[PDB]
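Before any questions on binding or motion, here is one chain by itself as structure tokens, the form deposited in one PDB entry.
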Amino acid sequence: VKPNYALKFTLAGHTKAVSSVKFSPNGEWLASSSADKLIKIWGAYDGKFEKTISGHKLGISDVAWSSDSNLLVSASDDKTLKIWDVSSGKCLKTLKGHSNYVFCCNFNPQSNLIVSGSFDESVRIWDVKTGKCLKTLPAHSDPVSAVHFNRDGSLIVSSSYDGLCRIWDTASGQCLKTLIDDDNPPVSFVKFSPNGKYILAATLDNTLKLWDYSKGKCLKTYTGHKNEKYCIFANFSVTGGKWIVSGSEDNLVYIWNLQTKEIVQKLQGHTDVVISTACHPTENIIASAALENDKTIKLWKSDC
């Protein structure tokens, strides 16, 4: 079985490279952040432009939804994170304390905490209600490329250009495990599988790997794409067939069979690097987004 994703919509409106796209957990909306300092909200099913959210002084590298779909957090080159009320577009809180560009961010499942990663090589945990920093983890010795909570928020996984993935106990701040692999290629993205048992990690040697967290073992490798320069988001697609989805520096979206590691589709249509992909939580829908020469988001639909 292979998917048959086909282009349904192209979404335009950002005036610089798009950095990140995410579907709201309730399936209604797509949020996009951009080097143009703006967040935009789009209808998930029709691509209809809904609204622009502004306030960052410099470009945004990541955006993420709270679990009730009511809040967003954005990570900006202005060295802050901002928490936004989606329906009003208002900035509720500005999270200050990183001493360099903020690159990546995520809510925990309860959405009372935000985790962030920065070029200052640290990971920070923030209280959503007050906006205060709760913990700083001296997590890495290079920029932190990705941070992600597991399914019940008890663990954080962080990745870095230093070649490490590290799993942290959220509450105690203690590093429980470090994944190290051979020649230490920079790690550009990382995230837990939906069941919390595996970690998908992208490295800047054109490689994606699926690790068993408990055993510290690489179980699967996925190749064929180009990824040497950018921190490209990758996903587990679970609504239909079990795929791995990623962008690529050859302007294609790659879809792999998770178990066999075979490439099952390449989505063509972007005209610059596909920096970001997202999978819809209930439909077989992929959103993809691309850099300066393109600046658009594409929505793709499959029957499986």
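Residue numbers here begin at 1 and follow the sequence given. In this text, rigid core is short for the largest set of C-alphas that superpose within 1.5 Å between two forms.
In 9 other deposited structures of this protein, superposed by the rigid core, the C-alpha atoms of 174-182 lie farther from the shown form than the other of 174-182 and 219-227.
In this entry, the higher average B-factor at the C-alpha atoms falls on 254-262, of the pair 46-54 and 254-262. Between the stretches 201-209 and 109-117, it is 201-209 that shows the larger average CA temperature factor.
Comparing the C-alpha B-factors of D85, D127, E228, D77 in the entry, the top value falls on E228. Comparing the listed residues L81, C218, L155, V144, the entry records the largest Cα B-factor for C218.
Sort the chain's modelled residues by C-alpha temperature factor and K93 lands in the middle third, per the entry. Among all modelled residues in its chain, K132 ranks in the middle third by Cα B-factor. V245: CA B factor in the middle third of modelled residues in this chain (values from the PDB entry).
Among the modelled residues of the chain, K2 sits in the highest third by CA temperature factor in this PDB entry. In the deposited entry, the Cα temperature factor of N293 places it in the highest third of its chain's modelled residues.
Beyond what is shown, the protein has a form solved in complex with a partner chain; the following relates to that form.
In the bound PDB entry, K220 approaches its partner chain with a heavy atom inside 4.5 Å. Taking non-hydrogen atoms only, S172 never approaches its partner chain to within 4.5 angstroms in the bound PDB entry.
When its partner chain is considered in the bound PDB entry, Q259 lines it closely, a heavy atom lying within 4.5 Å.
Shown alone here, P194 lies within 4.5 Å of its partner chain in the bound PDB entry, counting heavy atoms only. Highlighted residues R151, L210 and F236: every one comes within 4.5 Å of its partner chain in the bound PDB entry, counting any heavy atom.
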